[PDB]
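So that the names make sense, note that chain A is the first sequence line, chain B the second, and so on, each numbered from 1. When reading the values below, keep in mind they use all heavy atoms of this one structure, side chains included, and skip hydrogens, waters and symmetry mates. Atoms within a ligand are numbered from 1 in the order they appear, just like the ligands themselves.
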2 protein chains.
Amino acid sequence: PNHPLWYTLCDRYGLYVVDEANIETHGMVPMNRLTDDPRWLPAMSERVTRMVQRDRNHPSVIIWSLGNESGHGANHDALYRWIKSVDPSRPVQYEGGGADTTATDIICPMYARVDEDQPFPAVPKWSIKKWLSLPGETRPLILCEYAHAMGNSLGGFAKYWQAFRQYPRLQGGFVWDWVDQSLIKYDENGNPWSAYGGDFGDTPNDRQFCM
Amino acid sequence: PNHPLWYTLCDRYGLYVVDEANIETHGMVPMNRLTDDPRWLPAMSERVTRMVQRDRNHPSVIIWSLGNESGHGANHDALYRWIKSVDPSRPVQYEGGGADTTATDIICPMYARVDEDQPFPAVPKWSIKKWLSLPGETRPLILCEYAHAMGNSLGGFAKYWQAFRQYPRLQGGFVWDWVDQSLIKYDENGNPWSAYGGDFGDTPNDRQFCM
Ligand code: NA
Ligand code: NA
Ligand code: NA
Ligand code: NA
C-alpha cells in the first residue's frame with residue numbers, strides 16, 4: 001500500500017488503482033512455503049485486512065491484490081474470500097501460483113507473451129491469446145507485469161496492443177515499470193551520479209536489475 | 001446423406017463421418033426465408049428425421065449436421081432439439097446464421113481465418129483464435145469448410161495446423177474439398193477432355209468454381 005496521499009491524487013486526477021497488500025515471499029523455496037503455512041496466516045491477514053480497512057472508500061482503487069510473488073497457498077484462498085465477503089464492490093487479483101488460481105478473479109500473468117507459449121512445469125505462461133480459451137476458462141486477462149523496460153527495451157510493445165484491441169477479454173496490463181531505481185552518489189568533486197546495485201559495497205547483489 | 005455403402009466402408013476402414021441432412025437453400029433472399037417459415041418445417045423435418053433413422057447405428061457417424069447454407073431459422077432450432085432428444089450419443093452441428101447459433105454444439109465456421117477477423121454484419125467470421133474466447137463462449141471450434149483447394153491453392157495451410165496444435169479447443173476442420181467436379185466431354189475427333197460449368201450450354205453458370 002502507498003502513501004495515503006497517492007490515492008487522493010488518483011481520485012482527483014483520475015487513475016485506476018490496484019491496491020496491493022504488503023506481502024512478498026519471493027525468496028522462499030518453494031515460493032509458497034510461508035503462504036501455505038497456517039502459522040503465517042495471522043501476519044498475512046493483517047497485511048490484507050488493514051489495507052482494505054484503510055483504503056476501501058477510495059474510488060480510484062478498483063481492484064485489490066493479495067500481494068506479489070509468494071506462490072499460492074491456502075492463506076491466499078482464505079484472504080481472497082475474506083475480501084470478497086467484506087467488500088463485494090471490487091474484484092480481487094493475485095498472480096502467484098500460475099496467475100489463474102482460485103485466489104484470483106482476473107488472469108494476471110507476468111511476462112506472458114502474445115503468441116508464444118512458455119510451458120514451465122506447474123506454472124506455465126501460456127500465450128495470452130491461448131490462455132483465454134483454455135477449456136473451462138472464463139476470466140478476463142490483464143497482465144500484472146509485462147514489457148520489461150530494462151535499459152534499451154520495449155521491443156514488440158506494439159504486438160501486445162494489437163492483441164489488446166482485437167480480443168475483448170484481453171483488457172491490457174501494467175508495464176514493468178515506471179521509474180529507474182537508481183540512487184544518487186558523489187565522487188571526490190561533488191558531482192552527482194546514478195548508483196545501482198553493488199555501488200554501496202552491497203553483496204550479494206543483482207546489479208542494474210533495479211532499473 | 002451418402003450412398004449407404006459409404007458408412008459401412010468408413011466403419012471398417014476407420015474414418016469419422018459428419019452425416020448431413022439434404023437441406024441447402026443458399027439462393028433464397030435472405031438465406032433463411034424457407035428455414036424460418038413454419039410451412040417448410042414438415043419438408044425439412046423429413047430430411048433430418050429420415051437420415052437419423054437410417055444412419056444412427058453406424059459407429060463412423062460421430063456428428064449430425066442440419067444441412068448447409070440455409071441461414072438460421074426457427075425450423076433449425078426445432079430440428080436441433082429433435083436430434084438431441086432422439087439420439088444423445090452424437091453432437092449436432094450447423095453452420096448457417098453465423099456458425100455459432102443456438103442450433104449448433106460446435107462452432108463450425110466456413111473460411112474463418114487464423115488471425116484475421118472478417119467482421120461481416122450479422123454473420124461475422126472472427127479469427128478462429130479470437131472466436132474461442134468471445135465473452136461467454138465455451139464450445140469447441142471445428143471448421144466445416146476451410147482452405148479452399150481451388151486450382152493452385154492451399155497457401156497458408158500450415159498456419160491453420162500450427163493453431164490447431166496450439167489451442168486445445170481448435171480441434172481442426174474439413175478442407176473444401178476432395179474432388180474436382182469436372183465432367184468428361186467429347187469433340188469431333190473423340191477426344192476425352194475435362195469440362196467445367198458452361199461447357200454443356202448451361203446458362204447461367206459459375207464456370208471453374210465447381211473444381
Ligand atoms: Na480487449
Ligand atoms: Na527489477
Ligand atoms: Na487443438
Ligand atoms: Na465450388
TODO: Please find out if the Na ion (ligand 1) and some N, O or S atom of A:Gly172 are separated by less than 3.0 Å.
DONE: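 Not a single backbone or side-chain N, O or S atom of A:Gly172 is under 3.0 Å from the Na ion (ligand 1).
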
Task: Parallel, tilted or perpendicular: rings of B:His148 and B:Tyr111 (30°, 60°) - done: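 Aromatic pair B:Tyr111/B:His148 classed perpendicular.
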
Tell me whether the Na ion (ligand 3) has [X] as a neighbour, meaning an N, O or S atom of it below 3.0 Å.
X: B:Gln171; value: no
X: B:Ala163; value: no
X: B:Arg165; value: no

Could you check whether any side-chain N or O of [X] sits under 3.5 Å from a backbone N or O of [Y], counting only pairs where one atom can act as donor and the other as acceptor?
X: A:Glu137; Y: A:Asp100; value: no
X: A:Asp37; Y: A:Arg39; value: yes
X: A:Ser45; Y: A:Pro42; value: yes

TODO: Taking both backbone and side-chain atoms into account, decide whether A:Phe209 has an N/O/S atom under 3.0 Å from the Na ion (ligand 2).
DONE: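 An N, O or S atom of A:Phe209 is closer than 3.0 Å to the Na ion (ligand 2), so yes.
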
- [ ] Give a rough value, rounded to 10 degrees, for the angle at the Na ion (ligand 1) between atoms O of A:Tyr167 and O of A:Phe164.
- [x]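 About 90° at the Na ion (ligand 1).
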
Task: Sole residue of A:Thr35, A:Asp36, A:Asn32, A:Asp77 in side-chain hydrogen bond (donor to acceptor under 3.5 Å, both in side chains) with A:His72 - done: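 It is A:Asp77; the other options fail the test.
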
